[PDB]
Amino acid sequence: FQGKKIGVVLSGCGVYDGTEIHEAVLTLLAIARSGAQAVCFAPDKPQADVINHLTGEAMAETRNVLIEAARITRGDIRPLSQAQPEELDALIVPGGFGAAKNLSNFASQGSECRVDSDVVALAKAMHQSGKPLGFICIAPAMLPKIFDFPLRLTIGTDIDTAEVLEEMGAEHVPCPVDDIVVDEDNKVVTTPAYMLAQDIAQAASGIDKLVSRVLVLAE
């Protein structure tokens, strides 16, 4: 897969107010091990909140999504507004509450949520051209808001969350932490990761499969 360029969209730095750090790093690892290149992006805007990860309480400060996401990529990131679908072969979106607070407002709006316009436009551009999409953990919640047609996807086994996604037009398929769901016609791959994982090795098993599948779909 040398030569393949995989877009990666981040939402901050940490599970509670940005991207799930394990999920993001596991994604980068799997991409690199396959010989492909990650091309990272994050929207240039303030985070919805800033959470003390030690206590779970909100902090009285403000942080920029792009600035904080740069921590994960060691500075090698660009504003999402600069993404060029023609230069990408696929798109992957890791989870964390940032996917539900910053890339969308699923966390507070549920089925009436809106998704970041630049996220919608990039994802639609991939689908137009037949380039695969990989969404992890809670990130698949954005899919039935982006695409106005039925899609096979998963967020694991949680019945309440699955009910919400169905209300939005998805077909929810149960999946364990170490496997994936694939909508073959639309080339969309999903996996639960931290929705179900009890440790990092269980999250890596599902993520590795997701990345592998995305790369196969991109050929």
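Start at 1 and count along the sequence shown; that's the residue number.
Stretches 80-88 and 126-134 differ in mean C-alpha B factor, with the higher average recorded for 80-88. Here the stretch with the larger average CA B-factor, out of 25-33 and 160-168, is 160-168.
Ranked by C-alpha B-factor against the other modelled residues of its chain, residue 62 falls in the highest third. Among all modelled residues in this chain, the alpha-carbon of residue 48 has a temperature factor (C-alpha) in the highest third.
The entry lists a Cα temperature factor for residue 151 that places it in the highest third of the chain's modelled residues.
Among the modelled residues of its chain, residue 186 has a C-alpha B-factor that falls in the middle third according to the deposited record. Residue 93: CA B factor in the lowest third of modelled residues in this chain (values from the PDB entry).
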